[PDB]
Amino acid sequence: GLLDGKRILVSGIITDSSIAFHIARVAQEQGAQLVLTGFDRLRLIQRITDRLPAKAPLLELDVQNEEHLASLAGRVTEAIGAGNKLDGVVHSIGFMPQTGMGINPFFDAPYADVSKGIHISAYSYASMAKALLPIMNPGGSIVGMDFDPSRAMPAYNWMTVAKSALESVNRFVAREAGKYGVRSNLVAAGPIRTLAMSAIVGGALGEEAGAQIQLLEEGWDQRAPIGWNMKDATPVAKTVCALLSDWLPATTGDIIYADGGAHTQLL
């Protein structure tokens, strides 16, 4: 297996469509011993994760909760056994109130909402790193889920801003991570039809935003030289695993594009 004998912490599972669910599945297929972290609906995350190729301890983590982060390292160690450390940390956490995404005009998102979104979607990449780096082995790897925010786009609005902030956070996490011999990087993925994304397209955040995001998401497979199948997280999950492996040993504070090459193409 690619990740044989590796202890990897995988955050972000909420449904069977979560990118993290596919990251977890592939890493287990590649021999990783995982520890999962869930938020709020833990009875659901447990039931969802029962479908993973193997059993993995589930720990609760609200990245906005300062006690959860402080108690994280200890709780992780209790699950993996004393004397054992993590080799991989996967941040697949993202959130933005409806004021920040969708139909709501960009100027109408109040700061308290944008702040909540940058805390969960960007600051938490450094929060997780702080907590987990003392219990990470040299050669270890932190991977975060990004969406290319280099250019503005319709509807994605403040969530775009949170991604720009996260790409900056990552470059700084890399500086700290490196002192522990650990790499920190992001995977900028093409659009993936998660339950939330599907709802949006179906008009959950308004019709105008839904049409904008359906058009936006169709432009990937057109630009992408090798195509883009938005109903398939496996190519994304495989890239995350390439970064958790020992095959990208000189890459840190960087972004790897699992987007079918669509970002390299104008038309």
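Take the two forms, find the largest set of C-alpha atoms that superpose within 1.5 Å, and that set is the rigid core. Note that residue numbering follows the sequence shown and begins at 1.
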- Stretch with greater C-alpha deviation in 7 other deposited structures of this protein, 216 to 224 versus 49 to 57 (rigid core superposition): 216 to 224
- Item | 139 to 147 or 79 to 87, whichever carries the higher mean Cα B-factor | 79 to 87
- Query: Higher mean Cα B-factor in the deposited model: 103 to 111 or 149 to 157?
  - Reply: 103 to 111
- Query: Whose C-alpha has the highest temperature factor in the PDB entry: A189, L195, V169, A162?
  - Reply: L195
- Message: Among the modelled residues of this chain, does the Cα B factor of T37 put it in the lowest, middle or highest third?
- Response: middle
- Item | Ranked against its chain, the third holding the CA B-factor of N229 | middle
- Item | Modelled-residue ranking by C-alpha temperature factor, third containing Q46 | middle
- Where does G117 sit by CA temperature factor within its chain: lowest, middle or highest third? lowest
- Task: Please rank the C-alpha B-factors of the chain's modelled residues and tell me whether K238 sits in the lowest, middle or highest third.
- Result: lowest
